[PDB]
file protein-v5.csv (CSV, C-alpha atoms and all ligand atoms)
chain,number,residue,atom,x,y,z
A,1,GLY,CA,-72.9,153.9,44.6
A,2,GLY,CA,-72.4,156.0,41.5
A,3,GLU,CA,-72.5,159.6,40.4
A,4,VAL,CA,-75.3,162.0,41.1
A,5,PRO,CA,-75.4,165.0,38.6
A,6,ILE,CA,-75.6,168.5,40.2
A,7,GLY,CA,-77.7,170.9,38.2
A,8,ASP,CA,-76.9,171.5,34.5
A,9,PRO,CA,-73.5,171.9,33.0
A,10,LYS,CA,-72.4,175.4,31.9
A,11,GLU,CA,-70.5,176.4,28.8
A,12,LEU,CA,-68.4,179.4,29.5
A,13,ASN,CA,-65.0,180.9,28.8
A,14,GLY,CA,-64.1,178.1,26.4
A,15,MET,CA,-65.0,175.4,28.9
A,16,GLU,CA,-67.7,172.9,29.8
A,17,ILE,CA,-68.2,173.0,33.7
A,18,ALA,CA,-70.2,170.2,35.3
A,19,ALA,CA,-70.6,169.1,38.9
A,20,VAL,CA,-71.3,165.7,40.3
A,21,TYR,CA,-71.1,163.9,43.7
A,22,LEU,CA,-70.2,160.4,44.5
A,23,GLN,CA,-69.7,158.3,47.7
A,24,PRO,CA,-66.6,159.4,49.7
A,25,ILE,CA,-63.4,158.3,48.0
A,26,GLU,CA,-60.2,156.9,49.5
A,27,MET,CA,-57.4,159.2,48.2
A,28,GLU,CA,-53.7,159.1,48.1
A,29,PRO,CA,-51.4,160.6,49.2
A,30,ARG,CA,-53.0,160.4,52.7
A,31,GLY,CA,-53.7,163.6,54.5
A,32,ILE,CA,-54.1,165.4,51.1
A,33,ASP,CA,-57.8,165.6,51.8
A,34,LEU,CA,-60.5,164.8,54.4
A,35,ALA,CA,-60.5,161.1,55.2
A,36,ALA,CA,-63.2,159.1,53.4
A,37,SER,CA,-64.4,157.7,56.7
A,38,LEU,CA,-65.0,161.2,58.0
A,39,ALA,CA,-67.0,162.3,54.9
A,40,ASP,CA,-70.4,161.7,53.3
A,41,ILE,CA,-69.8,162.7,49.6
A,42,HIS,CA,-67.0,163.3,47.2
A,43,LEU,CA,-67.7,166.5,45.2
A,44,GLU,CA,-66.3,166.8,41.7
A,45,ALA,CA,-66.0,169.5,39.1
A,46,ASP,CA,-65.6,168.2,35.5
A,47,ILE,CA,-64.0,170.9,33.4
A,48,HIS,CA,-63.0,170.3,29.8
A,49,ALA,CA,-62.2,172.5,26.7
A,50,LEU,CA,-65.0,173.2,24.2
A,51,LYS,CA,-64.4,173.3,20.5
A,52,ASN,CA,-62.5,176.5,19.4
A,53,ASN,CA,-61.1,177.1,22.9
A,54,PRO,CA,-59.4,180.5,22.8
A,55,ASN,CA,-56.4,179.5,25.0
A,56,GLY,CA,-55.2,176.7,22.8
A,57,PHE,CA,-56.7,173.6,24.5
A,58,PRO,CA,-57.9,170.9,22.1
A,59,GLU,CA,-61.6,170.1,22.4
A,60,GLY,CA,-62.2,167.5,25.2
A,61,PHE,CA,-58.9,168.1,27.0
A,62,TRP,CA,-59.1,168.5,30.8
A,63,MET,CA,-58.4,172.1,31.9
A,64,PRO,CA,-55.4,171.8,34.3
A,65,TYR,CA,-54.0,174.1,37.0
A,66,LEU,CA,-57.4,175.8,37.7
A,67,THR,CA,-58.1,177.2,41.1
A,68,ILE,CA,-61.6,176.1,42.1
A,69,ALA,CA,-63.1,177.3,45.4
A,70,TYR,CA,-66.6,176.2,46.3
A,71,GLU,CA,-69.4,177.3,48.5
A,72,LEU,CA,-72.1,174.8,49.4
A,73,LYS,CA,-75.2,176.3,51.0
A,74,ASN,CA,-78.2,174.5,52.4
A,75,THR,CA,-80.9,177.0,51.6
A,76,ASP,CA,-83.4,175.3,54.0
A,77,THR,CA,-81.2,175.6,57.0
A,78,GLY,CA,-78.8,178.4,56.0
A,79,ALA,CA,-75.8,176.3,56.6
A,80,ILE,CA,-72.7,177.4,54.6
A,81,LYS,CA,-69.3,175.8,54.0
A,82,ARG,CA,-66.5,176.5,51.8
A,83,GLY,CA,-63.3,174.9,50.6
A,84,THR,CA,-61.3,174.1,47.5
A,85,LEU,CA,-61.4,171.2,45.1
A,86,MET,CA,-58.0,169.6,44.4
A,87,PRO,CA,-56.7,168.1,41.2
A,88,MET,CA,-56.7,164.3,41.0
A,89,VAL,CA,-57.2,161.3,38.8
A,90,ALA,CA,-59.6,158.4,38.8
A,91,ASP,CA,-59.9,155.5,36.4
A,92,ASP,CA,-62.0,157.6,34.0
A,93,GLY,CA,-59.5,160.5,34.1
A,94,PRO,CA,-58.5,163.7,35.8
A,95,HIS,CA,-60.9,166.0,37.7
A,96,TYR,CA,-61.1,168.4,40.7
A,97,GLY,CA,-62.6,167.0,43.9
A,98,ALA,CA,-63.0,166.9,47.6
A,99,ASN,CA,-64.4,164.6,50.3
A,100,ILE,CA,-67.0,166.5,52.2
A,101,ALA,CA,-68.8,165.8,55.5
A,102,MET,CA,-72.5,166.4,55.3
A,103,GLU,CA,-74.6,164.6,57.9
A,104,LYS,CA,-71.3,163.9,59.7
A,105,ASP,CA,-70.7,167.6,60.0
A,106,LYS,CA,-72.3,168.6,63.4
A,107,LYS,CA,-71.0,172.2,63.1
A,108,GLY,CA,-73.9,173.0,60.8
A,109,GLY,CA,-77.1,171.7,59.1
A,110,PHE,CA,-75.7,169.9,56.2
A,111,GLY,CA,-78.3,167.2,55.9
A,112,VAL,CA,-80.5,166.0,53.1
A,113,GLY,CA,-82.3,169.0,51.5
A,114,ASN,CA,-82.0,171.8,49.0
A,115,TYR,CA,-78.6,173.2,48.1
A,116,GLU,CA,-76.9,175.9,46.1
A,117,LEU,CA,-73.4,175.1,45.0
A,118,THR,CA,-71.1,177.8,43.7
A,119,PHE,CA,-67.7,177.4,42.0
A,120,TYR,CA,-65.3,180.3,42.0
A,121,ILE,CA,-62.9,179.6,39.1
A,122,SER,CA,-59.5,181.3,38.4
A,123,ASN,CA,-57.3,180.7,35.4
A,124,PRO,CA,-54.1,178.6,35.3
A,125,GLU,CA,-51.8,181.6,35.4
A,126,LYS,CA,-52.7,182.0,39.1
A,127,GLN,CA,-50.7,178.7,39.7
A,128,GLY,CA,-47.8,179.7,37.4
A,129,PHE,CA,-49.0,178.0,34.2
A,130,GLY,CA,-47.7,179.9,31.1
A,131,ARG,CA,-49.0,180.9,27.7
A,132,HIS,CA,-47.3,181.7,24.5
A,133,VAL,CA,-48.1,185.2,23.3
A,134,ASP,CA,-45.9,185.5,20.2
A,135,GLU,CA,-47.7,186.0,16.8
A,136,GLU,CA,-46.6,182.6,15.4
A,137,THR,CA,-47.5,180.3,18.3
A,138,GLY,CA,-49.5,182.3,20.8
A,139,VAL,CA,-53.1,182.0,22.1
A,140,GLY,CA,-55.7,184.3,23.6
A,141,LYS,CA,-55.8,186.0,27.0
A,142,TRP,CA,-57.2,184.0,29.9
A,143,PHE,CA,-60.6,184.7,31.5
A,144,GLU,CA,-60.9,186.8,34.6
A,145,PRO,CA,-62.2,185.0,37.7
A,146,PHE,CA,-65.8,183.9,37.4
A,147,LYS,CA,-68.5,182.0,39.3
A,148,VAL,CA,-70.9,179.3,38.3
A,149,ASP,CA,-74.0,178.4,40.3
A,150,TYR,CA,-75.9,175.1,40.5
A,151,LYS,CA,-79.0,174.1,42.5
A,152,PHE,CA,-79.6,170.4,43.6
A,153,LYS,CA,-81.3,168.2,46.1
A,154,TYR,CA,-78.9,166.3,48.3
A,155,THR,CA,-80.5,163.0,49.1
A,156,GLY,CA,-77.7,161.4,51.1
A,157,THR,CA,-74.6,159.3,50.4
A,158,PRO,CA,-74.9,157.4,47.1
A,159,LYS,CA,-75.3,153.7,47.9
B,2,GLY,CA,-41.7,174.5,12.3
B,3,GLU,CA,-40.5,172.0,14.9
B,4,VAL,CA,-37.2,170.0,14.8
B,5,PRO,CA,-37.5,166.5,16.2
B,6,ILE,CA,-35.0,165.5,18.9
B,7,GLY,CA,-34.0,161.8,18.8
B,8,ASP,CA,-36.6,159.0,19.1
B,9,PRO,CA,-39.7,159.1,21.3
B,10,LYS,CA,-39.9,156.9,24.3
B,11,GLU,CA,-42.9,155.0,25.6
B,12,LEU,CA,-43.0,154.3,29.4
B,13,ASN,CA,-45.0,154.6,32.5
B,14,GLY,CA,-48.1,155.0,30.5
B,15,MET,CA,-46.7,158.0,28.6
B,16,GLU,CA,-45.3,158.8,25.2
B,17,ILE,CA,-42.4,161.3,25.8
B,18,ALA,CA,-41.0,163.1,22.7
B,19,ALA,CA,-38.8,166.2,22.4
B,20,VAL,CA,-38.8,168.9,19.8
B,21,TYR,CA,-37.3,172.4,19.4
B,22,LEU,CA,-38.5,175.4,17.6
B,23,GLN,CA,-37.7,179.2,17.5
B,24,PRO,CA,-37.8,181.1,20.7
B,25,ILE,CA,-41.3,182.1,21.9
B,26,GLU,CA,-42.7,184.8,24.2
B,27,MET,CA,-44.3,183.5,27.4
B,28,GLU,CA,-46.6,185.1,30.0
B,29,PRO,CA,-46.3,185.6,32.8
B,30,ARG,CA,-43.1,187.4,32.2
B,31,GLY,CA,-39.8,187.2,34.1
B,32,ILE,CA,-39.8,183.4,34.4
B,33,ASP,CA,-38.9,181.9,31.0
B,34,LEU,CA,-35.7,183.2,29.4
B,35,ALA,CA,-36.7,186.2,27.2
B,36,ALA,CA,-37.1,185.3,23.5
B,37,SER,CA,-34.3,187.7,22.3
B,38,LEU,CA,-31.8,186.1,24.6
B,39,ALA,CA,-32.7,182.6,23.4
B,40,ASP,CA,-32.0,180.6,20.3
B,41,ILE,CA,-34.5,177.8,20.7
B,42,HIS,CA,-37.7,176.8,22.5
B,43,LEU,CA,-37.3,173.3,23.8
B,44,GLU,CA,-40.6,171.3,24.3
B,45,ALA,CA,-41.3,167.9,26.0
B,46,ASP,CA,-44.5,166.5,24.4
B,47,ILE,CA,-46.0,164.1,27.0
B,48,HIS,CA,-49.2,162.2,26.5
B,49,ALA,CA,-51.0,159.2,27.9
B,50,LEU,CA,-50.7,156.0,26.0
B,51,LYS,CA,-53.5,153.4,25.6
B,52,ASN,CA,-54.5,151.8,29.0
B,53,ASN,CA,-52.6,154.3,31.0
B,54,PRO,CA,-52.3,152.8,34.5
B,55,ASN,CA,-53.0,156.1,36.4
B,56,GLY,CA,-56.3,156.6,34.6
B,57,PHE,CA,-55.4,159.2,32.0
B,58,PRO,CA,-57.3,159.0,28.7
B,59,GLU,CA,-55.3,158.0,25.7
B,60,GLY,CA,-53.8,161.2,24.2
B,61,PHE,CA,-54.5,163.4,27.1
B,62,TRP,CA,-51.6,165.7,28.1
B,63,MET,CA,-49.9,164.5,31.3
B,64,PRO,CA,-50.2,167.4,33.7
B,65,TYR,CA,-48.4,168.4,37.0
B,66,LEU,CA,-45.1,166.6,36.2
B,67,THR,CA,-41.8,168.0,37.5
B,68,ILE,CA,-39.3,168.0,34.6
B,69,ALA,CA,-35.6,169.0,34.7
B,70,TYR,CA,-33.3,168.7,31.7
B,71,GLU,CA,-29.7,168.4,31.0
B,72,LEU,CA,-28.3,169.4,27.6
B,73,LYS,CA,-24.7,168.2,26.6
B,74,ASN,CA,-22.8,169.2,23.5
B,75,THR,CA,-20.8,166.0,23.0
B,76,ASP,CA,-18.3,167.8,20.6
B,77,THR,CA,-17.3,170.6,23.0
B,78,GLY,CA,-18.3,169.0,26.3
B,79,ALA,CA,-20.5,172.0,27.4
B,80,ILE,CA,-23.4,171.0,29.7
B,81,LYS,CA,-26.3,173.0,31.0
B,82,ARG,CA,-29.3,172.2,33.1
B,83,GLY,CA,-32.7,173.7,33.7
B,84,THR,CA,-36.4,173.2,34.1
B,85,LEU,CA,-39.2,172.8,31.7
B,86,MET,CA,-42.3,174.7,32.7
B,87,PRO,CA,-46.0,173.9,31.9
B,88,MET,CA,-47.6,176.2,29.4
B,89,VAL,CA,-50.0,176.4,26.5
B,90,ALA,CA,-49.4,177.3,22.8
B,91,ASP,CA,-51.7,177.2,19.7
B,92,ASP,CA,-50.9,173.4,19.6
B,93,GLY,CA,-51.9,172.8,23.2
B,94,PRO,CA,-50.3,172.3,26.5
B,95,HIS,CA,-46.6,171.2,26.8
B,96,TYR,CA,-43.6,171.6,29.0
B,97,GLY,CA,-41.0,174.0,27.6
B,98,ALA,CA,-38.2,176.5,28.0
B,99,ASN,CA,-36.4,179.1,26.0
B,100,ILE,CA,-32.7,178.2,25.8
B,101,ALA,CA,-29.6,180.1,24.7
B,102,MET,CA,-27.4,178.1,22.4
B,103,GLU,CA,-25.2,180.3,20.2
B,104,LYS,CA,-26.2,183.2,22.6
B,105,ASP,CA,-25.1,181.4,25.8
B,106,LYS,CA,-22.4,183.7,27.3
B,107,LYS,CA,-20.3,180.7,28.3
B,108,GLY,CA,-19.9,179.4,24.7
B,109,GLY,CA,-19.8,175.8,23.8
B,110,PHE,CA,-23.5,175.5,22.8
B,111,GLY,CA,-23.4,176.1,19.1
B,112,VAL,CA,-24.1,173.8,16.1
B,113,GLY,CA,-23.1,170.2,16.9
B,114,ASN,CA,-24.0,166.9,18.4
B,115,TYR,CA,-26.1,166.8,21.6
B,116,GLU,CA,-27.4,164.5,24.2
B,117,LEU,CA,-30.6,165.7,25.9
B,118,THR,CA,-31.8,164.1,29.2
B,119,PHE,CA,-35.2,164.7,30.9
B,120,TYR,CA,-35.5,163.9,34.7
B,121,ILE,CA,-39.2,163.4,35.4
B,122,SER,CA,-41.2,162.9,38.7
B,123,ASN,CA,-44.8,162.2,39.2
B,124,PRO,CA,-47.7,164.6,39.9
B,125,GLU,CA,-47.9,163.8,43.6
B,126,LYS,CA,-44.8,166.0,44.1
B,127,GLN,CA,-47.1,168.9,43.2
B,128,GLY,CA,-50.1,167.9,45.3
B,129,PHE,CA,-52.0,166.0,42.6
B,130,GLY,CA,-54.0,163.1,44.0
B,131,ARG,CA,-55.4,159.7,42.9
B,132,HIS,CA,-58.5,157.7,43.8
B,133,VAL,CA,-57.5,154.4,45.4
B,134,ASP,CA,-61.0,153.0,46.0
B,135,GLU,CA,-62.0,149.6,44.5
B,136,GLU,CA,-64.5,151.0,42.0
B,137,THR,CA,-62.7,154.0,40.5
B,138,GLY,CA,-59.1,153.7,41.9
B,139,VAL,CA,-55.9,153.6,39.9
B,140,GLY,CA,-52.4,152.3,40.5
B,141,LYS,CA,-49.2,153.8,41.9
B,142,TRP,CA,-47.3,156.5,40.1
B,143,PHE,CA,-43.9,155.8,38.6
B,144,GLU,CA,-40.8,156.6,40.5
B,145,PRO,CA,-38.5,159.4,39.3
B,146,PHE,CA,-36.9,158.4,36.0
B,147,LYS,CA,-34.9,159.8,33.1
B,148,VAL,CA,-35.1,159.5,29.4
B,149,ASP,CA,-32.2,160.3,27.0
B,150,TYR,CA,-32.2,161.6,23.4
B,151,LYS,CA,-29.5,162.2,20.8
B,152,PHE,CA,-29.7,164.9,18.1
B,153,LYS,CA,-27.9,167.3,15.9
B,154,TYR,CA,-28.5,170.9,16.6
B,155,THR,CA,-28.2,172.7,13.2
B,156,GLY,CA,-28.7,176.3,14.4
B,157,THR,CA,-31.2,178.8,15.6
B,158,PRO,CA,-34.4,178.5,13.6
A,201,CU,CU,-61.8,162.8,43.1
A,202,CU,CU,-43.7,176.7,25.5
A,203,MN,MN,-65.5,163.4,37.5
A,204,MN,MN,-45.2,171.9,19.8
call {"tool": "encode", "arguments": {"input": "protein-v5.csv", "output": "structure tokens"}}
result
Amino acid sequence: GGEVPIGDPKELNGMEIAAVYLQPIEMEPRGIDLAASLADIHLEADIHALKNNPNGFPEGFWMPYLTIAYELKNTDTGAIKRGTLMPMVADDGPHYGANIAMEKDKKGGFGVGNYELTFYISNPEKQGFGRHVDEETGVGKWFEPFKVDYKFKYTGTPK
Amino acid sequence: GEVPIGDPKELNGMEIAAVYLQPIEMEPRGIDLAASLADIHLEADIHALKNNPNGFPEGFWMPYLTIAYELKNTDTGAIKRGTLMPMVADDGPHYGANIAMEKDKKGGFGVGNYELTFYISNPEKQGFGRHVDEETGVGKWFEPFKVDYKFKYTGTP
């Protein structure tokens, strides 16, 4: 298979925020996510620090401990589903991802067609990640929760 | 203004070094020991080596680790334990804790010779996953391990 890019990457809040999908991915530990066999894609959010990141992250670093909720909407059929992307690592580094049933999902019309994808992104403090705030070593305040929107054509499992 | 603690160790795809500095102020509040009660901020600096076996790019910070510490004054025999928590400073993410040394109510943690031990477990403990497919998959995580350092604590900076 391979990666299919979703929309255009956004630069916001000190971060580059890109979306891609792949074929379904076998994940460990088991039960952590939807089984590959029961899915049609693996959806990934690629989020890294820009230059001059205001929260202390070096350019290029992965942004860890983010809470990323998603909404995937087939605008042709109206079908909507939601979930969360979980942190994980592949051979090219860490990302946030989830296996998702598309055609396999008979509870809605999640077939090939036109989609809107939304990420709802909350800062690392929501998961207990800390920041220095002293004059000598501190960094700027975190972003408030925000959303990014992409549009793409889902053409089926990459093969 | 960081004070090196012992010698860095390279293992399980990671460079693991320790440093201390002056106490820092962390948000959210009520978790890390307040700056004014502490004498040092202890940090573990943990980054991927080349060809990291779990797919982390060389130099990336190693996230989602569980890290406990033990600090022993070998002169007085005082021992304390705690946790190092993930956080970010102007020099990037690390695992750290404010620690009372001279200011520890129990005494025994002043200037002297110390042994520091980190007890580290892998990210799966915190729900972090890994691809295991043929094309993009990566190997198993290390089992829980410890690393040990010796240093002289010369006083609160
Ligand atoms: Cu993934
Ligand atoms: Cu710190
Ligand atoms: Mn990715
Ligand atoms: Mn440091």
call {"tool": "atom_distance", "arguments": {"input": "protein-v5.csv", "atom1": "atom CA of residue B:47", "atom2": "atom CA of residue A:89"}}
result
16.5 Å
call {"tool": "residues_around", "arguments": {"input": "protein-v5.csv", "residues": "residue B:45", "least_positions_apart": "4", "cutoff": "7 Å", "atoms": "all atoms listed in the file", "output": "ChimeraX atom specification"}}
result
/B:17-20,95-97
call {"tool": "closest_residue", "arguments": {"input": "protein-v5.csv", "among": "A:15, A:112, A:148, A:22", "to": "chain B", "atoms": "only C-alpha atoms"}}
result
A:22
call {"tool": "residues_around", "arguments": {"input": "protein-v5.csv", "residues": "stretch 7-13 of chain A", "least_positions_apart": "5", "cutoff": "8 Å", "atoms": "all atoms listed in the file", "output": "ChimeraX atom specification"}}
result
/A:18-19,50,143,148,150-152
call {"tool": "residues_around", "arguments": {"input": "protein-v5.csv", "residues": "residue A:83", "least_positions_apart": "3", "cutoff": "9 Å", "atoms": "only C-alpha atoms", "output": "PDB file with C-alpha atoms, in the frame of the given file"}}
result
ATOM      1  CA  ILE A  68     -61.600 176.100  42.100  1.00  0.00           C
ATOM      2  CA  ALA A  69     -63.100 177.300  45.400  1.00  0.00           C
ATOM      3  CA  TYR A  70     -66.600 176.200  46.300  1.00  0.00           C
ATOM      4  CA  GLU A  71     -69.400 177.300  48.500  1.00  0.00           C
ATOM      5  CA  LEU A  72     -72.100 174.800  49.400  1.00  0.00           C
ATOM      6  CA  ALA A  98     -63.000 166.900  47.600  1.00  0.00           C
TER       7      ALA A  98
END
call {"tool": "closest_residue", "arguments": {"input": "protein-v5.csv", "among": "A:139, A:121, A:17, A:41", "to": "ligand CU 201 (chain A)", "atoms": "only C-alpha atoms and all ligand atoms"}}
result
A:41
call {"tool": "residues_near_ligand", "arguments": {"input": "protein-v5.csv", "ligand": "ligand MN 204 (chain A)", "cutoff": "8 Å", "atoms": "all atoms listed in the file", "output": "ChimeraX atom specification"}}
result
/B:3,20-22,44,46,90,92-93,95
call {"tool": "write_last_selection", "arguments": {"input": "protein-v5.csv", "atoms": "C-alpha atoms", "output": "mmCIF file, in the frame of the given file"}}
result
data_model
loop_
_atom_site.group_PDB
_atom_site.id
_atom_site.type_symbol
_atom_site.label_atom_id
_atom_site.label_comp_id
_atom_site.auth_asym_id
_atom_site.auth_seq_id
_atom_site.Cartn_x
_atom_site.Cartn_y
_atom_site.Cartn_z
ATOM 1 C CA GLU B 3 -40.500 172.000 14.900
ATOM 2 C CA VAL B 20 -38.800 168.900 19.800
ATOM 3 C CA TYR B 21 -37.300 172.400 19.400
ATOM 4 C CA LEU B 22 -38.500 175.400 17.600
ATOM 5 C CA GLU B 44 -40.600 171.300 24.300
ATOM 6 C CA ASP B 46 -44.500 166.500 24.400
ATOM 7 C CA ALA B 90 -49.400 177.300 22.800
ATOM 8 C CA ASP B 92 -50.900 173.400 19.600
ATOM 9 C CA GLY B 93 -51.900 172.800 23.200
ATOM 10 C CA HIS B 95 -46.600 171.200 26.800
#
call {"tool": "residues_near_point", "arguments": {"input": "protein-v5.csv", "point": "(-60.6, 163.3, 22.7)", "cutoff": "9 Å", "atoms": "all atoms listed in the file", "output": "PDB file with C-alpha atoms, in the frame of the given file"}}
result
ATOM      1  CA  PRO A  58     -57.900 170.900  22.100  1.00  0.00           C
ATOM      2  CA  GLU A  59     -61.600 170.100  22.400  1.00  0.00           C
ATOM      3  CA  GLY A  60     -62.200 167.500  25.200  1.00  0.00           C
ATOM      4  CA  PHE A  61     -58.900 168.100  27.000  1.00  0.00           C
TER       5      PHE A  61
ATOM      6  CA  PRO B  58     -57.300 159.000  28.700  1.00  0.00           C
ATOM      7  CA  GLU B  59     -55.300 158.000  25.700  1.00  0.00           C
ATOM      8  CA  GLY B  60     -53.800 161.200  24.200  1.00  0.00           C
ATOM      9  CA  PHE B  61     -54.500 163.400  27.100  1.00  0.00           C
TER      10      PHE B  61
END
call {"tool": "interface_residues", "arguments": {"input": "protein-v5.csv", "of": "chain B", "to": "chain A", "cutoff": "6 Å", "atoms": "only C-alpha atoms", "output": "count of residues only"}}
result
21
call {"tool": "atom_distance", "arguments": {"input": "protein-v5.csv", "atom1": "atom CA of residue B:23", "atom2": "atom CA of residue B:9"}}
result
20.6 Å
call {"tool": "atom_distance", "arguments": {"input": "protein-v5.csv", "atom1": "atom CA of residue B:125", "atom2": "atom CA of residue B:68"}}
result
13.1 Å
call {"tool": "residues_near_ligand", "arguments": {"input": "protein-v5.csv", "ligand": "ligand MN 203 (chain A)", "cutoff": "7 Å", "atoms": "only C-alpha atoms and all ligand atoms", "output": "ChimeraX atom specification"}}
result
/A:20,44-46,95
call {"tool": "closest_residue", "arguments": {"input": "protein-v5.csv", "among": "A:49, A:4, A:85, A:79", "to": "ligand CU 201 (chain A)", "atoms": "only C-alpha atoms and all ligand atoms"}}
result
A:85
call {"tool": "closest_residue", "arguments": {"input": "protein-v5.csv", "among": "A:6, A:39, A:31, A:118", "to": "residue A:99", "atoms": "all atoms listed in the file"}}
result
A:39
call {"tool": "residues_near_point", "arguments": {"input": "protein-v5.csv", "point": "(-78.0, 162.6, 49.6)", "cutoff": "9 Å", "atoms": "all atoms listed in the file", "output": "ChimeraX atom specification"}}
result
/A:4,40-41,102,111-113,153-158
call {"tool": "closest_residue", "arguments": {"input": "protein-v5.csv", "among": "A:16, A:34, A:105, A:43", "to": "ligand CU 201 (chain A)", "atoms": "all atoms listed in the file"}}
result
A:43
call {"tool": "closest_residue", "arguments": {"input": "protein-v5.csv", "among": "B:41, B:11, B:34, B:79", "to": "residue B:147", "atoms": "all atoms listed in the file"}}
result
B:11
call {"tool": "residues_around", "arguments": {"input": "protein-v5.csv", "residues": "residue B:74", "least_positions_apart": "3", "cutoff": "7 Å", "atoms": "all atoms listed in the file", "output": "PyMOL selection string"}}
result
chain B and resi 77-80+110+113-116
call {"tool": "decode", "arguments": {"input": "protein-v5.csv", "residues": "stretch 71-85 of chain A", "atoms": "N, CA, C and O atoms", "output": "PDB file, in the first residue's frame"}}
result
ATOM      1  N   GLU A  71     -13.429  13.725  13.879  1.00  0.00           N
ATOM      2  CA  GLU A  71     -14.752  13.473  13.290  1.00  0.00           C
ATOM      3  C   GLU A  71     -14.552  13.282  11.795  1.00  0.00           C
ATOM      4  O   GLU A  71     -13.951  14.132  11.129  1.00  0.00           O
ATOM      5  N   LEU A  72     -15.066  12.169  11.280  1.00  0.00           N
ATOM      6  CA  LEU A  72     -14.982  11.866   9.863  1.00  0.00           C
ATOM      7  C   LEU A  72     -16.409  11.855   9.320  1.00  0.00           C
ATOM      8  O   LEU A  72     -17.262  11.131   9.837  1.00  0.00           O
ATOM      9  N   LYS A  73     -16.655  12.668   8.292  1.00  0.00           N
ATOM     10  CA  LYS A  73     -17.996  12.880   7.769  1.00  0.00           C
ATOM     11  C   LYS A  73     -17.968  12.648   6.260  1.00  0.00           C
ATOM     12  O   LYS A  73     -17.159  13.248   5.563  1.00  0.00           O
ATOM     13  N   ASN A  74     -18.840  11.758   5.788  1.00  0.00           N
ATOM     14  CA  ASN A  74     -19.012  11.534   4.363  1.00  0.00           C
ATOM     15  C   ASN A  74     -20.050  12.555   3.982  1.00  0.00           C
ATOM     16  O   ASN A  74     -21.189  12.451   4.412  1.00  0.00           O
ATOM     17  N   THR A  75     -19.661  13.579   3.235  1.00  0.00           N
ATOM     18  CA  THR A  75     -20.595  14.663   2.916  1.00  0.00           C
ATOM     19  C   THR A  75     -21.603  14.257   1.827  1.00  0.00           C
ATOM     20  O   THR A  75     -22.637  14.911   1.655  1.00  0.00           O
ATOM     21  N   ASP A  76     -21.310  13.179   1.097  1.00  0.00           N
ATOM     22  CA  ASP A  76     -22.279  12.647   0.133  1.00  0.00           C
ATOM     23  C   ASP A  76     -23.419  11.972   0.871  1.00  0.00           C
ATOM     24  O   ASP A  76     -24.602  12.211   0.563  1.00  0.00           O
ATOM     25  N   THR A  77     -23.086  11.104   1.826  1.00  0.00           N
ATOM     26  CA  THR A  77     -24.128  10.302   2.498  1.00  0.00           C
ATOM     27  C   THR A  77     -24.646  10.898   3.800  1.00  0.00           C
ATOM     28  O   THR A  77     -25.722  10.539   4.258  1.00  0.00           O
ATOM     29  N   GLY A  78     -23.843  11.755   4.418  1.00  0.00           N
ATOM     30  CA  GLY A  78     -24.117  12.299   5.749  1.00  0.00           C
ATOM     31  C   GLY A  78     -23.550  11.482   6.878  1.00  0.00           C
ATOM     32  O   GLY A  78     -23.678  11.879   8.056  1.00  0.00           O
ATOM     33  N   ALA A  79     -22.915  10.342   6.587  1.00  0.00           N
ATOM     34  CA  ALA A  79     -22.451   9.484   7.648  1.00  0.00           C
ATOM     35  C   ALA A  79     -21.347  10.164   8.494  1.00  0.00           C
ATOM     36  O   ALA A  79     -20.453  10.839   7.967  1.00  0.00           O
ATOM     37  N   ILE A  80     -21.439  10.015   9.806  1.00  0.00           N
ATOM     38  CA  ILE A  80     -20.544  10.665  10.752  1.00  0.00           C
ATOM     39  C   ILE A  80     -20.042   9.614  11.701  1.00  0.00           C
ATOM     40  O   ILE A  80     -20.818   8.797  12.217  1.00  0.00           O
ATOM     41  N   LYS A  81     -18.740   9.641  11.961  1.00  0.00           N
ATOM     42  CA  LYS A  81     -18.220   8.877  13.074  1.00  0.00           C
ATOM     43  C   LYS A  81     -17.105   9.637  13.725  1.00  0.00           C
ATOM     44  O   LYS A  81     -16.431  10.466  13.101  1.00  0.00           O
ATOM     45  N   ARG A  82     -16.915   9.317  14.996  1.00  0.00           N
ATOM     46  CA  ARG A  82     -15.978  10.019  15.856  1.00  0.00           C
ATOM     47  C   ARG A  82     -15.151   9.026  16.626  1.00  0.00           C
ATOM     48  O   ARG A  82     -15.556   7.886  16.874  1.00  0.00           O
ATOM     49  N   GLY A  83     -13.989   9.498  17.057  1.00  0.00           N
ATOM     50  CA  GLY A  83     -13.159   8.692  17.922  1.00  0.00           C
ATOM     51  C   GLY A  83     -11.959   9.496  18.332  1.00  0.00           C
ATOM     52  O   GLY A  83     -11.924  10.741  18.206  1.00  0.00           O
ATOM     53  N   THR A  84     -10.969   8.793  18.834  1.00  0.00           N
ATOM     54  CA  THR A  84      -9.737   9.436  19.229  1.00  0.00           C
ATOM     55  C   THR A  84      -8.564   8.730  18.554  1.00  0.00           C
ATOM     56  O   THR A  84      -8.619   7.536  18.263  1.00  0.00           O
ATOM     57  N   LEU A  85      -7.519   9.492  18.276  1.00  0.00           N
ATOM     58  CA  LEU A  85      -6.280   8.925  17.776  1.00  0.00           C
ATOM     59  C   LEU A  85      -5.369   8.714  18.969  1.00  0.00           C
ATOM     60  O   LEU A  85      -5.314   9.548  19.870  1.00  0.00           O
TER      61      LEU A  85
END
